Amino acid sequence: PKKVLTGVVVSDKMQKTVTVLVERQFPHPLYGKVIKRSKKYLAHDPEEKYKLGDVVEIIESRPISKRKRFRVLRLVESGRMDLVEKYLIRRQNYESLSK
Amino acid sequence: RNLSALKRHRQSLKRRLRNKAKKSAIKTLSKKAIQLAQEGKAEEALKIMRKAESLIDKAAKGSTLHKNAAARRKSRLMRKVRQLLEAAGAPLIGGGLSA
Amino acid sequence: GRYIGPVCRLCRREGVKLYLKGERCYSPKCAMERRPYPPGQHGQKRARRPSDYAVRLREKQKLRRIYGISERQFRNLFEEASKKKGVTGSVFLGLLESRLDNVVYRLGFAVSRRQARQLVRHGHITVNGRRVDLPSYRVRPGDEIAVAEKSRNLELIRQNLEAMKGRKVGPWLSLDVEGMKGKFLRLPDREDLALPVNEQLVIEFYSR
Amino acid sequence: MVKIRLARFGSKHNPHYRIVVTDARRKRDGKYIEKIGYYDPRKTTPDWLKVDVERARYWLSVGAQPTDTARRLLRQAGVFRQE
RNA sequence: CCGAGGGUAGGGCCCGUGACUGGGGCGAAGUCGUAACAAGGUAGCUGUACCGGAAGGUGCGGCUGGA
RNA sequence: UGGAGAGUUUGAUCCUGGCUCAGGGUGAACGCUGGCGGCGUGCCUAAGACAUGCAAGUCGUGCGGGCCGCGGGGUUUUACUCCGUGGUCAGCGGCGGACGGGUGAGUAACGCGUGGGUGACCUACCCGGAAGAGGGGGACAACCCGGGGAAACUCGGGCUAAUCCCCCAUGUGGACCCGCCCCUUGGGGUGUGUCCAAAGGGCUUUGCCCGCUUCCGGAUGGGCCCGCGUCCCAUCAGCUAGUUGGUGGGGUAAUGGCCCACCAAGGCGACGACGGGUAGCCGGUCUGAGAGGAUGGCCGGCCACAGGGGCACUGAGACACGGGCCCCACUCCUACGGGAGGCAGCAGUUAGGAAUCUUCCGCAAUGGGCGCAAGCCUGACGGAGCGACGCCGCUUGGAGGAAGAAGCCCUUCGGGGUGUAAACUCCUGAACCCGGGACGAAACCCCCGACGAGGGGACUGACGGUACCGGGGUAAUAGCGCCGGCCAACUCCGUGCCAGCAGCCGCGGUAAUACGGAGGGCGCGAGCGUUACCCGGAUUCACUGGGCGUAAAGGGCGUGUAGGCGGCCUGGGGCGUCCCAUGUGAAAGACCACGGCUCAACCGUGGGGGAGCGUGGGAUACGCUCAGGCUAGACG
Ligand SMILES: [Mg+2]
Ligand SMILES: [Mg+2]
Ligand SMILES: [Mg+2]
Ligand SMILES: [Mg+2]
Ligand SMILES: [Mg+2]
Ligand SMILES: [Mg+2]
Ligand SMILES: [Mg+2]
Ligand SMILES: [Mg+2]
Ligand SMILES: [Mg+2]
Ligand SMILES: [Mg+2]
Ligand SMILES: [Mg+2]
Ligand SMILES: [Mg+2]
Ligand SMILES: [Mg+2]
Ligand SMILES: [Mg+2]
Ligand SMILES: [Mg+2]
Ligand SMILES: [Mg+2]
Ligand SMILES: [Mg+2]
Ligand SMILES: [Mg+2]
Ligand SMILES: [Mg+2]
Ligand SMILES: [Mg+2]
Ligand SMILES: [Mg+2]
Ligand SMILES: [Mg+2]
Ligand SMILES: [Mg+2]
Ligand SMILES: [Mg+2]
Ligand SMILES: [Mg+2]
Ligand SMILES: [Mg+2]
Ligand SMILES: [Mg+2]
Ligand SMILES: [Mg+2]
Ligand SMILES: [Mg+2]
Ligand SMILES: [Mg+2]
Ligand SMILES: [Mg+2]
Ligand SMILES: [Mg+2]
Ligand SMILES: [Mg+2]
Ligand SMILES: [Mg+2]
Ligand SMILES: [Mg+2]
Ligand SMILES: [Mg+2]
Ligand SMILES: [Mg+2]
Ligand SMILES: [Mg+2]
Ligand SMILES: [Mg+2]
Ligand SMILES: [Mg+2]
Ligand SMILES: [Mg+2]
Ligand SMILES: [Mg+2]
Ligand SMILES: [Mg+2]
Ligand SMILES: [Mg+2]
Ligand SMILES: [Mg+2]
Ligand SMILES: [Mg+2]
Ligand SMILES: [Mg+2]
Ligand SMILES: [Mg+2]
Ligand SMILES: [Mg+2]
Ligand SMILES: [Mg+2]
Ligand SMILES: [Mg+2]
Ligand SMILES: [Mg+2]
Ligand SMILES: [Mg+2]
Ligand SMILES: [Mg+2]
Ligand SMILES: [Mg+2]
Ligand SMILES: [Mg+2]
Ligand SMILES: [Mg+2]
Ligand SMILES: [Mg+2]
Ligand SMILES: [Mg+2]
Ligand SMILES: [Mg+2]
Ligand SMILES: [Mg+2]
Ligand SMILES: [Mg+2]
Ligand SMILES: [Mg+2]
Ligand SMILES: [Mg+2]
Ligand SMILES: [Mg+2]
Ligand SMILES: [Mg+2]
Ligand SMILES: [Mg+2]
Ligand SMILES: [Mg+2]
Ligand SMILES: [Mg+2]
Ligand SMILES: [Mg+2]
Ligand SMILES: [Mg+2]
Ligand SMILES: [Mg+2]
Ligand SMILES: [Mg+2]
Ligand SMILES: [Mg+2]
Ligand SMILES: [Mg+2]
Ligand SMILES: [Mg+2]
Ligand SMILES: [Mg+2]
Ligand SMILES: [Mg+2]
Ligand SMILES: [Mg+2]
Ligand SMILES: [Mg+2]
Ligand SMILES: [Mg+2]
Ligand SMILES: [Mg+2]
Ligand SMILES: [Mg+2]
Ligand SMILES: [Mg+2]
Ligand SMILES: [Mg+2]
Ligand SMILES: [Mg+2]
Ligand SMILES: [Mg+2]
Ligand SMILES: [Mg+2]
Ligand SMILES: [Mg+2]
Ligand SMILES: [Mg+2]
Ligand SMILES: [Mg+2]
Ligand SMILES: [Zn+2]
């Protein structure tokens, strides 16, 4: 079975490519707390109807390009902009951790 | 001091000289076929394609090429000859291209 | 290995006549009945207050030097006994009394465990047909510790079993003086055993 | 080829071969594919050779060349018989 | 065309070393004061500034782990 | 079936708190001592350099020859030796050199682990089945002739054969463009077109065997990809410009920026990017009560490397340990034009080191290659040797034996101690002596059978005349540490803050149970000690399992971004969670039974966990989120 991963897209601003943000959660191997370590996967969707804010599913596909090793499968939500703003502020947290 | 893998060294130089001759003939018949079909020619530019196709499938019959590399050679030669004869070709007397 | 030699010195030093010499330790010249105080230039002085380590070490020595086991052989027996499922001391004592030299001593082919050690090491004793030259040879429950043909007519085994004509071997053992053999029936316990050893202190010695 | 062969185990002068299926490439005690049987070449137990005859027949069905002695230890287990 | 390697020029990081010097530890019952702990013989400590062989002093303020 | 504490801050106590110690362990080393045997195990550093031998070959049943040894005339001498071949010596050709073996340098990564994907693939040899193998040629070594070169070798001319290469046809089939449905990211079915095969050899002959071609499926071996785990440093905070994406190509077996053109500004980053240090990873191993910490030796899997670096060729697979080419470093030959090398194979030498061995025997076994088979090769391996390096086993005697010798050490002068310890009495007899002496090995082969299954046959042991067994036979190595407490075991003498001890506390200044010696004792014993390293103690990084007033520790305080956490009733989902059968969790180890070596170490079998992770179903309290509501929180 191919890997099937839910996630919310956070970037679509390439050609034929969306960037989906899978947020897996798993117990700590030592302390056992449930933690949400996210991860950003590039995806492929040449019809390009998944704008910045949609929530898609992702199938493990043959490599479309280097790092672009996934495909969009299906939409399960419209614009979840309140979830994409979490990451879109989490990126903007990084100008202040400079020197 | 020596070993008689030197027989294999002098076999490999021979086989290099003996399959380079049926490897570079592929590339130059490819260039002739692509160029003559690019300049609006005809059956005169498909006889070159059947020539290169016979050369490829005679190359794959030994150790010069895989079957799969032979198929890729032909699938990126004669595909290009067909989309190059798209440009006002009309192969009435057409050889390797299947109508 | 055998530690050597002087053994009524260890009949002393722990205050209990753990019999090692044999008929000497039964006869009135044990030098433990004669002098119960430990060997040494001080010896018969005030008892130094036995520490918590000291009492466990003395009684672990009471368990060891009865059987004459070298310490790492003893400790490997213990770390087999702890893995072996059972009441740990009361399987450890049965494992100690299931050595071939100790089964030959309890069977009375020899007046002492060190004489029984010479008997089994010099190829006299047979276990289940053929001779076994090992004092550390365990005896499974239900096998016949016998005397072979080259040692059946021995004067030592003859005098030993002469002494054992009518003696009482254990309920986990048997005896046969007409064929000079004995079935090791089962393993013994401390309720079966005449040990001057609280086994529990030996168990507590090894979680140091 | 996927050979059935006798991968050695056991101490010095304590040979205990293990009739097993490996590739023809791997070393003697390599990662095998299936232990089809064991063979003490000393018969120190009464049950010194045991072979799973069904999986031996399967590995012969998908192509195997059991070697000069694995042929012997399958014949003495009754694998090449037709019944 | 790419190309290991060599060169040139300039970067970054790390290390050895460098006259001398700033401190630091640590010696032998050194010299020099007596700062602290007793209301340490000016209550102490700390911020900071200035000064002073030196502990330190004083100013402004705080604190009480001072009355 | 699982958990020990102690010494030390002070006059004394309690606390916090650190240091130290008893324990186990090792690729060990070092000191003293050292008898045997088995099993393992042995250059951790210079992945520094290598003498010497071997470590990779093999096939006349693929082919043509040179070469010598049995039989000799097509002619009135072998003598175009053609033959029947009988081997060696190369050569062509095929297969194997890509496995086996070695090492830890590199690599912080899809490398590894682990679970999947390969509608994006290969897979020689092997196996199932299909369909066959008809005609032609050709040069290329050997060889001969000639030349060059010191040598390495190299070149020119002429041959010549084959399972060498090429051409033509047959095309079951397969490939490719689209003849189009269908599976639905890039297929067997398809259809015209186009392209493509092939090889013979031995033999009892109007026979099989060994080969061969193409294709489909298998099995194994992989390639590549992805989720997840993968050290330390934030006093490394920004990094990246083929970087990120597209399109069109090129290459690859295949996806991919794997590489190239054009366009687009992207990709990554406090969930630690980038940079630096270190490091092979894992099964495991050690430790631990367990969680966890450490580690990756031997054995097994995988990657990487083969003097450093790059590169392709050949081939199924290599970007190749013992193939090539180049640069660089080094060595060696040179007649100075160039050559040759590659021990991180086994053994070995040197060098560094505290330290790590034999230039051993053998393919008898198992494995690997070639061969139809005999056979050949195999420093893989099977064994042996060396080294207490570890584990395990064994011996150095046993039974007597004195109110207790001598010697020695104390002594209160009475004696006590060494101590049944000794001598001696028996008697058992390791080593040693003699004879027998393997299991390790019945396969290959030969025959019946059928040129299968089954029956019968023989030959074949390095270890090794070893183990073991049968007989005889000598009483026949014990040392090392420690004795103030922790820590078991104490007196005397010599020493006099000296000499020295030490792990911490500390002893040592003239009565030292702490130093040096003797006696005695304790511990362990062919070992005992020391060192280094690791874990435990260390609940001293605290998840189980710590704290923060004064002991080390509250941020100066607020607002607040990320985050983390979240009131009550309701309902679905089933994401966390939990459950159930599986799939994997390799073997080896660990664990448990039960067996074989005289036991044990080891080793064999069986069984069970086995965290995880995928898959399918179920559970719905709790965590989740979407929907609905409430008012106890919060705000107005
Ligand atoms: Mg692309
Ligand atoms: Mg005696
Ligand atoms: Mg314990
Ligand atoms: Mg001075
Ligand atoms: Mg003075
Ligand atoms: Mg003052
Ligand atoms: Mg003062
Ligand atoms: Mg004052
Ligand atoms: Mg004042
Ligand atoms: Mg004051
Ligand atoms: Mg000044
Ligand atoms: Mg001051
Ligand atoms: Mg002033
Ligand atoms: Mg001030
Ligand atoms: Mg105290
Ligand atoms: Mg103090
Ligand atoms: Mg105290
Ligand atoms: Mg504390
Ligand atoms: Mg412990
Ligand atoms: Mg040593
Ligand atoms: Mg070596
Ligand atoms: Mg070296
Ligand atoms: Mg080297
Ligand atoms: Mg040789
Ligand atoms: Mg050849
Ligand atoms: Mg043949
Ligand atoms: Mg090795
Ligand atoms: Mg590395
Ligand atoms: Mg990094
Ligand atoms: Mg890095
Ligand atoms: Mg990774
Ligand atoms: Mg995998
Ligand atoms: Mg081939
Ligand atoms: Mg010539
Ligand atoms: Mg044809
Ligand atoms: Mg032909
Ligand atoms: Mg696979
Ligand atoms: Mg290829
Ligand atoms: Mg492609
Ligand atoms: Mg790239
Ligand atoms: Mg680096
Ligand atoms: Mg690791
Ligand atoms: Mg612990
Ligand atoms: Mg680990
Ligand atoms: Mg290995
Ligand atoms: Mg390299
Ligand atoms: Mg090199
Ligand atoms: Mg290289
Ligand atoms: Mg190739
Ligand atoms: Mg090679
Ligand atoms: Mg290799
Ligand atoms: Mg190469
Ligand atoms: Mg010259
Ligand atoms: Mg010159
Ligand atoms: Mg030359
Ligand atoms: Mg080499
Ligand atoms: Mg073989
Ligand atoms: Mg060997
Ligand atoms: Mg040894
Ligand atoms: Mg004696
Ligand atoms: Mg005397
Ligand atoms: Mg005798
Ligand atoms: Mg005698
Ligand atoms: Mg035989
Ligand atoms: Mg053979
Ligand atoms: Mg037969
Ligand atoms: Mg033969
Ligand atoms: Mg004898
Ligand atoms: Mg004591
Ligand atoms: Mg002096
Ligand atoms: Mg000392
Ligand atoms: Mg004096
Ligand atoms: Mg004195
Ligand atoms: Mg002393
Ligand atoms: Mg520690
Ligand atoms: Mg801990
Ligand atoms: Mg906690
Ligand atoms: Mg404080
Ligand atoms: Mg404080
Ligand atoms: Mg504070
Ligand atoms: Mg601050
Ligand atoms: Mg505050
Ligand atoms: Mg707030
Ligand atoms: Mg929030
Ligand atoms: Mg759930
Ligand atoms: Mg299962
Ligand atoms: Mg297992
Ligand atoms: Mg037995
Ligand atoms: Mg075993
Ligand atoms: Mg087993
Ligand atoms: Mg779990
Ligand atoms: Zn006694």
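The residue numbers of chain C are those assigned by Swiss-Prot, with the residues present covering 2-209 sequentially.
In case you wondered, yes, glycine gets a Cβ from its N, Cα and C as well.
Noted in Swiss-Prot for the protein shown:
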- C:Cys9, C:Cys12, C:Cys26, C:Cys31: Zn(2+) binding site (BINDING)
- C:99-161: domain 'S4 RNA-binding' (DOMAIN)
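Residue with the densest Cβ environment among the binding-site residues C:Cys9, C:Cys12, C:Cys26, C:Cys31: C:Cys12, by other Cβ atoms within 10 Å. Per DSSP, the domain 'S4 RNA-binding' (C:99-161) is made up of 26 helix, 12 strand, 25 coil.
The Zn(2+) site is set by C:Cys9, C:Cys12, C:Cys26, C:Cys31; from the centre of their CB atoms, other residues of the chain with a CB within 8 Å are C:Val8, C:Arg13, C:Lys18, C:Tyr20, C:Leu21, C:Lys22, C:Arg25, C:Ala32, C:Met33, C:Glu34.
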